[PDB]
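All remarks here apply to the structure that follows.
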Amino acid sequence: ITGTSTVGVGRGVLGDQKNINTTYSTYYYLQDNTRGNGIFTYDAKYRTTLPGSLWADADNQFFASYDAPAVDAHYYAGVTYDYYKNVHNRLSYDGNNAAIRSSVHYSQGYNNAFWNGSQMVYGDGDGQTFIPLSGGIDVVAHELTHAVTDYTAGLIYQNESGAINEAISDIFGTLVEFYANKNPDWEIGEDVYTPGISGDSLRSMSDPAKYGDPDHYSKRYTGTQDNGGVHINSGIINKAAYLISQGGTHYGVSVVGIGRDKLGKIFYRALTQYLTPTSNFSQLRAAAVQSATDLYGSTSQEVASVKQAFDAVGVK
Ligand SMILES: [Ca+2]
Ligand SMILES: [Ca+2]
Ligand SMILES: [Ca+2]
Ligand SMILES: [Ca+2]
Ligand SMILES: [Cl-]
Ligand SMILES: [Cl-]
Ligand SMILES: [Cl-]
Ligand code: NA
Ligand code: NA
Ligand code: NA
Ligand code: NA
Ligand code: NA
Ligand SMILES: [Zn+2]
């Protein structure tokens, strides 16, 4: 819609207060005009027809219980856009400042979020397994990163390609969560998962086996469920990226970390220059060694830690 750019205030899913970019034309809309061609948050109104209706508000104040998931989807979309712009010089997910669209209140008691090929969508949860899923920044950045992957490497959402697709989204969702600060960790979804049960999360990168996910190639899932285990075998790659950033010993192999920023530089170069729709873990190993050599040199420390971490998770 067209109007004047303004700034509202609202409260997020976890009860914090934040400023959001809005647009005024009779109503205030959840339309951030400051970032590329815009950030648009919609109300799905407990249905599954998408996108629904652009979020309109009467007074530019977003403190209603109904408003909190919209506040966070709008806000964390903006933070993720700022991450990709300021750290990797990507203008939105296509590199050309595409519009970012999100719907909230999708369905009833819907315990997931996803990228549907065109927009993000967030359920409210059922209040015991999940609270509204946009409340977690690593969730929002994870889902947005599927769009980045679709537009670059194009990783097929199945078998090893899909575990890589999944692991990339976890990696950058965490890197965004660190970038914004606010209690960063190597866990996925701890902020919106199982209200009333502290300490847990959907997935762990530091130790994926805490939730039964493989942390080594020998332990890979080889069957039918979850599109060939794309949410399960991602633990193998998630552990490698953890080892690369923070270092550690894992199945006897010791790895020295090179920090968050360098994990980012190297994996972004892998995704946008070297990965193909059908890459598997071994090509992911080679792709990541090349970026390290590209950015740091044939005999860098960086090429060394990459090789080690993949040795540590058993990827040849
Ligand atoms: Ca209001
Ligand atoms: Ca956290
Ligand atoms: Ca996290
Ligand atoms: Ca919990
Ligand atoms: Cl309502
Ligand atoms: Cl998905
Ligand atoms: Cl997903
Ligand atoms: Na703020
Ligand atoms: Na801002
Ligand atoms: Na299934
Ligand atoms: Na640590
Ligand atoms: Na060389
Ligand atoms: Zn995903």
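Residue 1 is the first one shown; counting continues down the chain.
If you check the header, you will see the structure was determined by X-ray crystallography, 1.9 Å.
Cβ coordinates are placed from backbone N, Cα and C, and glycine is handled just like the others.
In the structure as shown, the Cβ atom of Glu143 (active site) sits within 10 Å of 27 other Cβ atoms. As annotated by Swiss-Prot, active site applies to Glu143, with the evidence given as experimental evidence.
Sequence-distant contacts (6 or more apart, same chain, Cβ under 8 Å) of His231 (active site, proton donor) comprise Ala163, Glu166, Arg203. For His231, the entry in Swiss-Prot reads active site, proton donor.
Taken from Swiss-Prot, the feature Ca(2+) 1 binding site covers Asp57, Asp59, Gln61. The secondary structure of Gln61 (Ca(2+) 1 binding site), as reduced to three states from DSSP, is extended strand. Its Cβ placed at the centre, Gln61 (Ca(2+) 1 binding site) has 13 other Cβ atoms within 10 Å.
Taking a C-beta cut-off of under 8 Å and a sequence gap of six or more, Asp138 (Ca(2+) 2 binding site) has these contacts in its own chain: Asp170, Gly173, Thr174, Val176, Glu177, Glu187, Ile188, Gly189, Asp191. Residues or ranges marked as Ca(2+) 2 binding site in Swiss-Prot: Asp138, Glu177, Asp185, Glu187, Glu190.
Packing around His146 (Zn(2+) binding site) is summarised by its Cβ count: 21 other Cβ atoms lie within 10 angstroms of its Cβ, all protein chains included. As annotated by Swiss-Prot, Zn(2+) binding site applies to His142, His146, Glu166.
Positions annotated as Ca(2+) 3 binding site by Swiss-Prot: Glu177, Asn183, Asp185, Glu190. Taking the Cβ of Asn183 (Ca(2+) 3 binding site) as reference, residues of its chain lying under 8 Å away and at least six apart in sequence are, in sequence order, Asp191.
What Swiss-Prot lists as Ca(2+) 4 binding site is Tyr193, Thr194, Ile197, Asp200. For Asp200 (Ca(2+) 4 binding site), the count of additional Cβ atoms within 10 Å of its Cβ stands at 13 [all protein chains shown].
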Minimum Cα separation from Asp200 (Ca(2+) 4 binding site), reported as the residue among recorded positions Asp59, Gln61, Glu143, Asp185, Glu190 that achieves it:
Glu190
Shell list (Ca(2+) 2; ref centroid = CB of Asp138, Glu177, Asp185, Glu187, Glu190; cutoff 8 A):
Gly136, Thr174, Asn183, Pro184, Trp186, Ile188, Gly189, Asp191, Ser201
Output field, Ca(2+) 4 shell: CB within 8 Å of site CB centroid, site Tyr193, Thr194, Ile197, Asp200 dropped:
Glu190, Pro195, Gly196, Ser198, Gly199, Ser201
For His146 (Zn(2+) binding site), just give me the three-state DSSP call.
helix
Can you tell me which of the binding-site residues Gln61, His142, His146 is spatially closest to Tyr193 (Ca(2+) 4 binding site)? Compare CA atoms only.
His142
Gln61 (Ca(2+) 1 binding site) versus binding-site residues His146, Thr194, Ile197 - nearest by Cα:
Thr194
Quick one: what's DSSP say for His231 (active site, proton donor), helix, strand or coil?
coil
